[PDB]
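K.L.:
There are 2 protein chains.
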Amino acid sequence: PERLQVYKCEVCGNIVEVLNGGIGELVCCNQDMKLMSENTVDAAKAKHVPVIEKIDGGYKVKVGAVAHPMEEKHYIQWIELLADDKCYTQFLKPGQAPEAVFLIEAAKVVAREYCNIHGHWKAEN
Amino acid sequence: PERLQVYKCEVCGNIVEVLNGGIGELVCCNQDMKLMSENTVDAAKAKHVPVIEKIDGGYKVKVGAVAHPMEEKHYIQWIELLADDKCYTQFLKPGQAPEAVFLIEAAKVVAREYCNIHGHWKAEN
Ligand SMILES: [Ca+2]
Ligand SMILES: [Fe+3]
Ligand SMILES: [Fe+3]
Ligand SMILES: [Fe+3]
Ligand SMILES: [Fe+3]
């Protein structure tokens, strides 16, 4: 595994983020955890691809161009802002608007989001 | 596993952080992954317990009361700041200072740091 990759156990629901890579394969509930590669699920990009907006002191991230649902059974679980050496994670809950604000000093950033139903997506500024 | 918990795979090196909890046991290289519980390792607190300093617009975290080594074989791999529903992670490498700055609007925070040799540690304000 590699740093910052996201893996999920399709059985119990465990989802983890790699902090240190290693050489072992991640396993859970008798099967290899699935690498959740960004922008791979056959879903609408309009509501899943993060939209990044530069603001004073940081960035505002919206999911997505069109507001994604935030219902109990279908919502954005978290939005992250990545830099060359930072990963800021903002968890969300149903009922909230699919957006997050990150105060950070980085010219180049990558925003990611995870939809409980449609998976992992990313975009860069 | 519960959100924010850090697990390590003995022998193979992988270290992951839980983004979504579940009942399944994380496995890697033929053993259950080891929960890296904070402040349980028999090591000097002076160099491992994070020190939190409130600054303008955020917090400055130093590891620790006494500067921790940042050598190729013994260093702080990352520092995190936890608040409400946020987990901000700053990755570090040998040769850098055992310090991290986080711009966040939260009165109550928890700082964490992971030493490649002495494990997981935390502190709160
Ligand atoms: Ca994080
Ligand atoms: Fe392993
Ligand atoms: Fe969706
Ligand atoms: Fe599982
Ligand atoms: Fe140490």
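Chains as they are written, first to last, in full-length UniProt numbering: chain C, 2 to 126; chain L, 2 to 126.
For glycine and all other residues, C-beta sits at the position ideal for the given N, C-alpha and C.
Tell me whether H75 (chain C) counts as near ligand 3, meaning its Cβ is closer than 7 Å to at least one heavy atom of that ligand.
P.N.:
Yes - ligand 3 has a heavy atom lying nearer than 7 Å to the Cβ of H75 (chain C).
K.L.:
Show which residues of chain L have a CB atom less than 9 Å away from the CB atom of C10 (chain C).
P.N.:
Ordered by position in chain L, the residues that pass the 9 Å Cβ test against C10 (chain C) are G23, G25, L27.
K.L.:
In chain L, what lies closer than 7 Å to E18 (chain C) by C-beta?
P.N.:
Ordered by position in chain L, the residues that pass the 7 Å Cβ test against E18 (chain C) are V17, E18, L20.
K.L.:
According to DSSP, is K48 (chain L) part of a helix, a strand, or is it coil?
P.N.:
Helix, per DSSP.
K.L.:
Does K94 (chain L) pass the burial test, meaning 16 or more other C-beta atoms within 10 Å, or should it be called exposed?
P.N.:
Flag for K94 (chain L) reads exposed.
K.L.:
Return the first residue and the last residue of the beta strand (DSSP E) that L93 (chain C) is part of.
P.N.:
Careful: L93 (chain C) lies outside any beta strand (DSSP E) and carries neither H nor E.
K.L.:
Does any CB atom of chain C fall closer than 8 Å to the CB of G58 (chain L)?
P.N.:
Closer than 8 Å to some Cβ of chain C, the Cβ of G58 (chain L) qualifies, so yes.
K.L.:
Just list the residues that DSSP pairs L27 (chain C) with in beta bridges.
P.N.:
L27 (chain C) pairs with L:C29.
K.L.:
Any idea which residues DSSP pairs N21 (chain L) with across the strands?
P.N.:
In DSSP, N21 (chain L) forms a bridge with C:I16.
K.L.:
Here's a check: name, in chain order, each residue in its chain whose Cβ is nearer than 6 Å to the Cβ of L83 (chain C), leaving out the five neighbours to either side.
P.N.:
Once the five neighbours on either side are set aside, the close Cβ partners of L83 (chain C) are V111.
K.L.:
Taking just the CA atoms, how far does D86 (chain L) sit from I105 (chain C)?
P.N.:
Cα-Cα distance, rounded: 17 Å.
K.L.:
How long is the line joining the alpha carbons of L27 (chain L) and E72 (chain L), rounded to whole angstroms?
P.N.:
For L27 (chain L) and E72 (chain L), the distance between alpha carbons rounds to 30 Å.
K.L.:
What three-state label does DSSP hand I118 (chain L) in the structure shown?
P.N.:
Looking at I118 (chain L) - three-state DSSP - the assignment turns out to be coil, as it is neither helix nor strand.
K.L.:
Who are the near neighbours of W122 (chain C) in its chain, counting only those whose CB is closer than 6 Å to its CB and skipping five residues on each side?
P.N.:
Result list for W122 (chain C): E39, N40, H49, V50, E114, in chain order.
K.L.:
So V62 (chain C) and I80 (chain C) are in contact, right, with Cβ under 8 Å, and what is the actual spacing, rounded?
P.N.:
The pair is a contact, with the Cβ atoms about 5 Å apart (cut-off 8 Å).
K.L.:
Against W79 (chain L), what residues of chain C qualify as contacts under a CB-to-CB distance less than 7 Å, listed in chain order?
P.N.:
Those within 7 Å of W79 (chain L) in chain C are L20.
K.L.:
Is it true that the segment 5–23 of chain L meets the segment 9–25 of chain C, where meeting means three or more beta-carbon pairs spaced less than 8 Å apart?
P.N.:
Counting Cβ pairs under 8 Å, three or more are found: they touch.
K.L.:
Give me whichever residues DSSP pairs with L82 (chain L) in a beta bridge.
P.N.:
Note: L82 (chain L) sits in a beta bridge opposite L:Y89, L:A112.
K.L.:
Does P99 (chain C) have its Cβ less than 8 Å from a Cβ in chain L?
P.N.:
It does not; no Cβ of chain L falls within 8 Å.
K.L.:
Work out the CA separation of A68 (chain C) and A98 (chain L) for me, nearest whole Å.
P.N.:
Roughly 40 Å between the two C-alpha positions.
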